[PDB]
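What follows is one structure encoded as structure tokens, with my remarks underneath.
Just the heavy atoms: all of them, side chains too, but no hydrogens, waters or symmetry mates, feed the values below. Naming convention: chains lettered A, B, ... in sequence-line order (proteins, then strands); numbering from 1 in each chain.
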Amino acid sequence: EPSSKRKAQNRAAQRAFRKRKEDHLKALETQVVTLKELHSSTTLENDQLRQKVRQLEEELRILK
Amino acid sequence: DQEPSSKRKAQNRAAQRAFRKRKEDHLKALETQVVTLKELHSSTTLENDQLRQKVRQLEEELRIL
DNA sequence: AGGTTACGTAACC
DNA sequence: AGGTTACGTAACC
């Protein structure tokens, strides 16, 4: 059977490990919410930029 | 004394095993989703950078003639 | 070395 | 009722 010191170390190592898993879980939950707002905004900017390119392409098609 | 019955011990084990499974299934799903989202962010950002260049190439071409 | 894998214990709600 | 909260145990690498 593990010594009193090894027992104590296993409890502490698990306490720490358990906390890191919780921190990581919460960090991923926030990343999905953030990366979803980030995706919805950069894709809206791409709509405006592709419409801006379609505008300049016909404006060059006309003036040339 | 106050010790749970053999059947209750078995149920606590089963319930914990099932709880752990659900928690891990959600972990793998999030990990996958965050990867799908990160690569999508990197993809639509490269596109945004291509559209910002295509909006300057066409403005230089429509500035000379 | 002790972080990690792996499963358990039991009160609590 | 048993899912959930809360920690522990120890071998493995």
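- Taking the side chain of A:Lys21 as heavy atoms from C-beta on, and the options C:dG8, C:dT5, C:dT4, the nearest nucleotide is C:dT5.
- For B:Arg20 and C:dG8, a side-chain-to-base donor-acceptor distance below 3.5 Å is present, hydrogens and geometry of angles not being considered.
- The NZ atom of A:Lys19 sits 15 Å away from the P atom of C:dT4 (whole-angstrom rounding).
- Side chains of A:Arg11 and A:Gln14: no donor on one and acceptor on the other come within 3.5 Å.
- Computed from coordinates, the B:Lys7 NZ to D:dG2 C1' distance equals 16 Å when rounded to whole Å.
- Interface remark: the B:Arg22 side chain does not form any donor-acceptor pair with the D:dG3 base, using a distance-only criterion of under 3.5 Å.
- For D:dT9, neither phosphate oxygen OP1 nor OP2 lies less than 4.0 angstrom from any side-chain nitrogen or oxygen of A:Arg6.
- For the pairing with A:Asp23, the salt bridge (charged side-chain N to carboxylate O under 4.0 Å, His left out) check across A:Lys19, A:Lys26, A:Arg20 returns one residue only, A:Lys19.
- Residue A:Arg15 is out of contact with every strand shown, counting any heavy-atom pair closer than 4.0 Å.
- Out of C:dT5, C:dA11, C:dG8, the shortest distance to the side chain of B:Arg13 is found at C:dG8.
- For the pair B:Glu59/A:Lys52, a side-chain contact is recorded, criterion being any heavy-atom separation below 4.5 Å from C-beta on.
- Phosphate contact (OP1/OP2 of D:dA10, side-chain N/O of A:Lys7, threshold under 4.0 Å): present.
- Defined by atom type and a distance below 3.5 Å, a donor-acceptor pair is missing between the side-chain atoms of A:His24 and A:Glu29.
- With hydrogens and angles ignored, a donor-acceptor pair closer than 3.5 Å exists between the side chain of A:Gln14 and the base of C:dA6.
- In this structure, A:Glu1 atom CD and D:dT9 atom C1' are separated by 10 Å, rounded to whole Å.
- When rounded to the nearest whole Å, the span between CZ of B:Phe19 and P of C:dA10 equals 18 Å.
- A donor-acceptor pair under 3.5 Å links the side-chain atoms of A:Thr43 to the main chain of A:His39, judged by distance alone.
- An OP1 or OP2 oxygen of C:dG2 is reached within less than 4.0 angstrom by a side-chain nitrogen or oxygen of A:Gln9.
- The CG-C1' distance, from A:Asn10 to C:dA1, rounds to 11 Å in whole Å.
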